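Enquirer: First the structure, which I've put down as structure tokens, then a few questions once you've had a look.
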Amino acid sequence: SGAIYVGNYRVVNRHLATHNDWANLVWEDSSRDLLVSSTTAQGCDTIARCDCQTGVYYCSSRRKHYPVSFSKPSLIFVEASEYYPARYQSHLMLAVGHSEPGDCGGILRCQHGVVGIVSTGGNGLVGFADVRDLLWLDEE
Ligand SMILES: Cc1ccc(NC(=O)[C@@H]2CCCO2)nc1
Ligand SMILES: [Zn+2]
């Protein structure tokens with residue numbers, strides 16, 4: 001589990017979104033495994049605006065933060081999970097690092113702030129749904 005709290009927005013894995021998230025929907029995209037809902041309070045997260053390929057991610061199944069190199073956001077074929085058949089998971093970044101299904105929601109961060117959240121994890125290893133293209137997260 002995990003979310004990004006930026007301004008009055010909550011960014012979660014679409015497959016972990018709650019009823020309250022869907023009842024307060026701002027934007028969702030199945031292809032990206034992302035959903036954004038509204039919050040009453042303002043959030044303490046700075047989204048990165050950058051093309052970094054190095055950062056650190058939180059891995060709940062290790063209680064550890066790991067430094068990683070990651071690929072730029074792309075349309076990877078992702079192998080079937082419980083929540084998606086496979087499709088081309090878009091805006092996905094892959095690193096070499098451990099992950100399990102429950103690790104979805106761990107922040108990846110660079111020197112500029114939050115890059116994305118764990119979403120996928122194949123043999124390739126850990127995939128992070130990028131949020132850095134979502135400029136609108138910073139305004140209104
Ligand atoms: C971070 C992450 C996300 C998903 C997965 N696992 C899968 O997609 C499938 C489900 C059944 C066995 O593997 N592993 C890691
Ligand atoms: Zn950066």
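Here's how to read the names in the structure tokens: chain A, B, ... by the order shown, residue numbers from 1 in each chain, ligand numbers from 1 in the order shown.
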Could the residues of chain A that have an atom at most 12 Å from ligand 1 be listed as a Markdown table, each with its closest atom pair and the distance in Å to one decimal, counting only C-alpha atoms and all ligand atoms and ordered by chain and ascending residue number?

Expert:
| residue | atom | partner | partner_atom_place_in_ligand_line | distance |
| --- | --- | --- | --- | --- |
| A:1 | CA | ligand 1 | 1 (C) | 10.6 |
| A:13 | CA | ligand 1 | 3 (C) | 10.9 |
| A:15 | CA | ligand 1 | 3 (C) | 11.0 |
| A:33 | CA | ligand 1 | 3 (C) | 11.0 |
| A:57 | CA | ligand 1 | 1 (C) | 11.6 |
| A:58 | CA | ligand 1 | 1 (C) | 11.2 |
| A:59 | CA | ligand 1 | 1 (C) | 9.0 |
| A:60 | CA | ligand 1 | 1 (C) | 10.3 |
| A:61 | CA | ligand 1 | 1 (C) | 9.9 |
| A:77 | CA | ligand 1 | 8 (O) | 11.6 |
| A:78 | CA | ligand 1 | 8 (O) | 7.8 |
| A:79 | CA | ligand 1 | 8 (O) | 6.3 |
| A:80 | CA | ligand 1 | 8 (O) | 5.6 |
| A:81 | CA | ligand 1 | 8 (O) | 3.5 |
| A:82 | CA | ligand 1 | 10 (C) | 5.5 |
| A:83 | CA | ligand 1 | 8 (O) | 8.2 |
| A:84 | CA | ligand 1 | 8 (O) | 8.3 |
| A:85 | CA | ligand 1 | 8 (O) | 9.5 |
| A:86 | CA | ligand 1 | 8 (O) | 8.7 |
| A:89 | CA | ligand 1 | 8 (O) | 11.5 |
| A:92 | CA | ligand 1 | 1 (C) | 11.8 |
| A:93 | CA | ligand 1 | 1 (C) | 11.8 |
| A:94 | CA | ligand 1 | 1 (C) | 10.3 |
| A:95 | CA | ligand 1 | 1 (C) | 10.8 |
| A:96 | CA | ligand 1 | 1 (C) | 11.6 |
| A:97 | CA | ligand 1 | 1 (C) | 9.8 |
| A:98 | CA | ligand 1 | 15 (C) | 8.0 |
| A:99 | CA | ligand 1 | 1 (C) | 4.5 |
| A:100 | CA | ligand 1 | 15 (C) | 3.5 |
| A:101 | CA | ligand 1 | 3 (C) | 3.7 |
| A:102 | CA | ligand 1 | 1 (C) | 6.8 |
| A:103 | CA | ligand 1 | 1 (C) | 5.3 |
| A:104 | CA | ligand 1 | 1 (C) | 5.3 |
| A:105 | CA | ligand 1 | 1 (C) | 8.8 |
| A:106 | CA | ligand 1 | 1 (C) | 9.1 |
| A:107 | CA | ligand 1 | 1 (C) | 11.9 |
| A:117 | CA | ligand 1 | 1 (C) | 9.7 |
| A:118 | CA | ligand 1 | 1 (C) | 5.9 |
| A:119 | CA | ligand 1 | 1 (C) | 5.5 |
| A:120 | CA | ligand 1 | 3 (C) | 3.9 |
| A:121 | CA | ligand 1 | 15 (C) | 3.4 |
| A:122 | CA | ligand 1 | 14 (N) | 5.8 |
| A:123 | CA | ligand 1 | 14 (N) | 8.7 |
| A:124 | CA | ligand 1 | 15 (C) | 10.3 |
| A:125 | CA | ligand 1 | 15 (C) | 7.6 |
| A:126 | CA | ligand 1 | 1 (C) | 5.6 |
| A:127 | CA | ligand 1 | 1 (C) | 6.6 |
| A:128 | CA | ligand 1 | 1 (C) | 8.3 |
| A:129 | CA | ligand 1 | 1 (C) | 10.6 |

Enquirer: List as a Markdown table every residue of chain A that is in contact with ligand 2, defined as an atom at most 7 Å from one of its atoms (using only C-alpha atoms and all ligand atoms), together with the nearest atom pair and the distance in Å rounded to one decimal, sorted by chain and then rising number.

Expert:
| residue | atom | partner | partner_atom_place_in_ligand_line | distance |
| --- | --- | --- | --- | --- |
| A:48 | CA | ligand 2 | 1 (Zn) | 5.4 |
| A:49 | CA | ligand 2 | 1 (Zn) | 6.4 |
| A:50 | CA | ligand 2 | 1 (Zn) | 4.7 |
| A:51 | CA | ligand 2 | 1 (Zn) | 6.0 |
| A:52 | CA | ligand 2 | 1 (Zn) | 4.3 |
| A:110 | CA | ligand 2 | 1 (Zn) | 4.6 |
| A:111 | CA | ligand 2 | 1 (Zn) | 5.1 |
| A:112 | CA | ligand 2 | 1 (Zn) | 4.3 |
| A:113 | CA | ligand 2 | 1 (Zn) | 6.6 |

Enquirer: Could you please take those selected residues and save C-alpha atoms as an mmCIF file, in the first residue's frame?

Expert:
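Once written, again_14.cif looks like this:
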data_model
loop_
_atom_site.group_PDB
_atom_site.id
_atom_site.type_symbol
_atom_site.label_atom_id
_atom_site.label_comp_id
_atom_site.auth_asym_id
_atom_site.auth_seq_id
_atom_site.Cartn_x
_atom_site.Cartn_y
_atom_site.Cartn_z
ATOM 1 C CA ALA A 48 9.809 15.578 -9.335
ATOM 2 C CA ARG A 49 9.849 17.438 -12.722
ATOM 3 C CA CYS A 50 12.878 15.879 -14.401
ATOM 4 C CA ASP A 51 14.240 12.928 -16.449
ATOM 5 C CA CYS A 52 16.277 11.302 -13.621
ATOM 6 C CA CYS A 110 14.917 11.414 -6.809
ATOM 7 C CA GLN A 111 16.712 14.654 -5.896
ATOM 8 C CA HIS A 112 13.701 16.586 -7.356
ATOM 9 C CA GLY A 113 11.007 14.767 -5.250
#

Enquirer: Can you check which residues of chain A DSSP gives as helix (DSSP H, G or I) on the backbone and send them as a list in words?

Expert: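 Those in chain A that DSSP calls helix (DSSP H, G or I) are residues 14, 15, 16, 19, 20, 21, 22, 23, 30, 31, 32, 101, 102, 103, 135, 136, 137 and 138 of chain A.
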
Enquirer: So that I have them on file, write out the residues from the current selection with N, CA and C atoms, as a PDB file, in the first residue's frame.

Expert:
ATOM      1  N   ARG A  14      -4.371   2.352  -9.049  1.00  0.00           N
ATOM      2  CA  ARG A  14      -5.809   2.235  -9.404  1.00  0.00           C
ATOM      3  C   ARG A  14      -6.363   0.972  -8.745  1.00  0.00           C
ATOM      4  N   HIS A  15      -5.586  -0.107  -8.724  1.00  0.00           N
ATOM      5  CA  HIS A  15      -6.099  -1.412  -8.250  1.00  0.00           C
ATOM      6  C   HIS A  15      -6.286  -1.430  -6.744  1.00  0.00           C
ATOM      7  N   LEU A  16      -5.780  -0.453  -6.004  1.00  0.00           N
ATOM      8  CA  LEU A  16      -5.913  -0.318  -4.540  1.00  0.00           C
ATOM      9  C   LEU A  16      -6.828   0.847  -4.197  1.00  0.00           C
ATOM     10  N   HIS A  19     -13.474   2.796  -2.205  1.00  0.00           N
ATOM     11  CA  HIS A  19     -14.744   3.428  -2.609  1.00  0.00           C
ATOM     12  C   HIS A  19     -14.627   4.945  -2.436  1.00  0.00           C
ATOM     13  N   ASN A  20     -14.068   5.443  -1.320  1.00  0.00           N
ATOM     14  CA  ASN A  20     -13.991   6.902  -1.095  1.00  0.00           C
ATOM     15  C   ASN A  20     -13.149   7.554  -2.212  1.00  0.00           C
ATOM     16  N   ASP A  21     -12.091   6.876  -2.656  1.00  0.00           N
ATOM     17  CA  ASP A  21     -11.311   7.414  -3.799  1.00  0.00           C
ATOM     18  C   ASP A  21     -12.184   7.584  -5.049  1.00  0.00           C
ATOM     19  N   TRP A  22     -12.948   6.541  -5.429  1.00  0.00           N
ATOM     20  CA  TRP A  22     -13.824   6.570  -6.622  1.00  0.00           C
ATOM     21  C   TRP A  22     -14.985   7.562  -6.452  1.00  0.00           C
ATOM     22  N   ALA A  23     -15.433   7.776  -5.222  1.00  0.00           N
ATOM     23  CA  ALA A  23     -16.515   8.739  -4.921  1.00  0.00           C
ATOM     24  C   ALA A  23     -15.997  10.176  -4.977  1.00  0.00           C
ATOM     25  N   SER A  30      -6.396   2.999 -16.276  1.00  0.00           N
ATOM     26  CA  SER A  30      -6.132   1.555 -16.063  1.00  0.00           C
ATOM     27  C   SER A  30      -4.779   1.188 -16.676  1.00  0.00           C
ATOM     28  N   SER A  31      -4.494   1.698 -17.879  1.00  0.00           N
ATOM     29  CA  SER A  31      -3.235   1.417 -18.618  1.00  0.00           C
ATOM     30  C   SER A  31      -2.032   1.829 -17.771  1.00  0.00           C
ATOM     31  N   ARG A  32      -2.168   2.833 -16.909  1.00  0.00           N
ATOM     32  CA  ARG A  32      -1.036   3.315 -16.044  1.00  0.00           C
ATOM     33  C   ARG A  32      -1.126   2.760 -14.609  1.00  0.00           C
ATOM     34  N   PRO A 101       3.578  -8.271  -4.973  1.00  0.00           N
ATOM     35  CA  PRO A 101       2.344  -7.527  -5.249  1.00  0.00           C
ATOM     36  C   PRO A 101       1.965  -6.464  -4.204  1.00  0.00           C
ATOM     37  N   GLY A 102       2.132  -6.772  -2.916  1.00  0.00           N
ATOM     38  CA  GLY A 102       1.773  -5.862  -1.809  1.00  0.00           C
ATOM     39  C   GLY A 102       2.704  -4.662  -1.715  1.00  0.00           C
ATOM     40  N   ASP A 103       3.807  -4.652  -2.467  1.00  0.00           N
ATOM     41  CA  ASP A 103       4.760  -3.513  -2.435  1.00  0.00           C
ATOM     42  C   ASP A 103       4.269  -2.373  -3.331  1.00  0.00           C
ATOM     43  N   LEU A 135       1.631  17.260 -14.783  1.00  0.00           N
ATOM     44  CA  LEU A 135       1.965  18.631 -14.336  1.00  0.00           C
ATOM     45  C   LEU A 135       0.795  19.230 -13.565  1.00  0.00           C
ATOM     46  N   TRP A 136      -0.414  18.846 -13.976  1.00  0.00           N
ATOM     47  CA  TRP A 136      -1.661  19.358 -13.374  1.00  0.00           C
ATOM     48  C   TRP A 136      -1.707  19.007 -11.891  1.00  0.00           C
ATOM     49  N   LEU A 137      -0.966  17.985 -11.423  1.00  0.00           N
ATOM     50  CA  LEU A 137      -0.902  17.677  -9.980  1.00  0.00           C
ATOM     51  C   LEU A 137      -0.396  18.890  -9.187  1.00  0.00           C
ATOM     52  N   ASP A 138       0.347  19.810  -9.825  1.00  0.00           N
ATOM     53  CA  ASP A 138       0.995  20.962  -9.138  1.00  0.00           C
ATOM     54  C   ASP A 138       0.069  22.180  -9.050  1.00  0.00           C
TER      55      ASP A 138
END

Enquirer: Between CA of residue 70 (chain A) and CA of residue 109 (chain A), what distance in Å does the model show, to one decimal?

Expert: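 Between CA of residue 70 (chain A) and CA of residue 109 (chain A) the gap is 11.2 Å.
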
Enquirer: Quick one: distance from CA of residue 12 (chain A) to CA of residue 69 (chain A) in Å, one decimal?

Expert: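 Distance reported for this atom pair: 22.5 Å.
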
Enquirer: Measuring between only C-alpha atoms, which one of A:45, A:139, A:29, A:133 shows the shortest distance to residue 3 (chain A)?

Expert: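 Checking each of A:45, A:139, A:29, A:133 against residue 3 (chain A), counting only C-alpha atoms, the winner is A:45.
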
Enquirer: Go ahead and compute the interatomic distance for CA of residue 46 (chain A) and CA of residue 76 (chain A), in Å to one decimal.

Expert: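 That distance, rounded to one decimal, is 26.4 Å.
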
Enquirer: Would you please work out which residue, of A:108, A:4, A:67, A:56, is nearest to residue 37 (chain A) when using only C-alpha atoms?

Expert: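 For residue 37 (chain A), the nearest of the candidates is A:4.
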
Enquirer: With only C-alpha atoms as the atoms that count, which of A:55, A:38, A:28, A:71 lies nearest to residue 134 (chain A)?

Expert: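 Of A:55, A:38, A:28, A:71, the one nearest residue 134 (chain A) is A:28, counting only C-alpha atoms.
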
Enquirer: Could you pull out the strand (DSSP E or B) residues of region 93-138 of chain A from DSSP and send them as a list in words?

Expert: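 Here is the list: residues 93, 94, 95, 107, 108, 109, 110, 113, 114, 115, 116, 117, 118, 119, 120, 126, 127, 128, 129 and 130 of chain A.
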